[PDB]
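Trainee: If you number the sequence shown the way PDB author numbering does, the last residue is 127 and the count never jumps. We put the beta carbon where it would ideally sit given N, CA and C, even for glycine. There's a structure below that I have some questions on.
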Amino acid sequence: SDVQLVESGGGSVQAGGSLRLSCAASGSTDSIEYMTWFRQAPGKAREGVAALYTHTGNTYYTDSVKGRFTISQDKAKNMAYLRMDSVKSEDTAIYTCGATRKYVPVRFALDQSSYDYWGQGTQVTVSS
Numbered sequence: 000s001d002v003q004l005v006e007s008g009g010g011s012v013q014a015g016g017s018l019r020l021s022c023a024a025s026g027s028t029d030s031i032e033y034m035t036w037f038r039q040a041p042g043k044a045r046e047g048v049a050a051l052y053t054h055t056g057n058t059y060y061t062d063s064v065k066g067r068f069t070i071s072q073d074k075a076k077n078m079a080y081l082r083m084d085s086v087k088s089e090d091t092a093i094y095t096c097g098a099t100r101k102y103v104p105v106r107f108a109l110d111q112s113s114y115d116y117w118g119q120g121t122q123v124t125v126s127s
């Protein structure tokens with residue numbers, strides 16, 4: 000593969016609390032256009048959660064996490080982060096970071112089909 004993604008962080012967190020997930024990109028990183036977190040909650044389809052356009056830092060969220068999660072990047076260190084603030088039970092899921100080197104319009108930024116490279120999947124478990 001020409002890009003590799005490795006996640007770190009995750010695990011247990013109390014409701015209302017915060018955790019930060021990280022994703023380190025390696026390989027052909029200058030060409031990455033979006034870094035985007037997906038998740039797959041228990042017994043659900045995978046869904047796009049938070050997308051970041053690398054050129055500008057603009058961000059796009061699924062409705063259920065708006066006002067709670069923040070995605071950010073560190074271009075120099077080829078990192079993306081998901082700040083899971085204000086966590087809720089509905090957030091328990093496998094979180095997986097995706098990346099693409101092919102620009103797509105914003106309306107496709109949360110679609111699975113837009114991404115070519117994937118991290119390993121990281122469990123986050125919220126307690127009430």
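1) Between the region 79–91 and the region 54–62, can you find at least three pairs of beta-carbon atoms closer than 8 Å?
2) Please report the straight-line C-alpha distance between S0 and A14, rounded to a whole angstrom.
3) Can you tell me whether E89 is helix, strand or coil according to DSSP?
4) Rounded to whole angstroms, what is the Cα-Cα separation between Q122 and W36?
5) Closer than 8 Å is the cut-off here; do at least three beta carbon pairs connect the region 15–24 with the region 72–83?
6) Have a look at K76, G47, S63 and flag the residue whose alpha-carbon is nearest the alpha-carbon of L109.
7) Nearest to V5 by CA position, among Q119, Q39, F68, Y33, is which residue?
8) Using 10 angstroms around the beta-carbon of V105, count the other beta-carbons present and answer buried if the total reaches 16, otherwise exposed.
Mentor: On the basis of the coordinates in this document:
1) At 8 Å Cβ cutoff, the stretches do not touch.
2) Roughly 37 Å separates the two Cα atoms.
3) Three-state result, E89: helix.
4) Spanning the alpha carbons of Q122 and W36 requires a straight line of approximately 13 Å.
5) Segments in contact, yes.
6) If we check each option's Cα against that of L109, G47 comes out closest.
7) From the listed residues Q119, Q39, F68, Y33, the smallest Cα separation to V5 is found for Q119.
8) When all chains shown are included, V105 counts as exposed.
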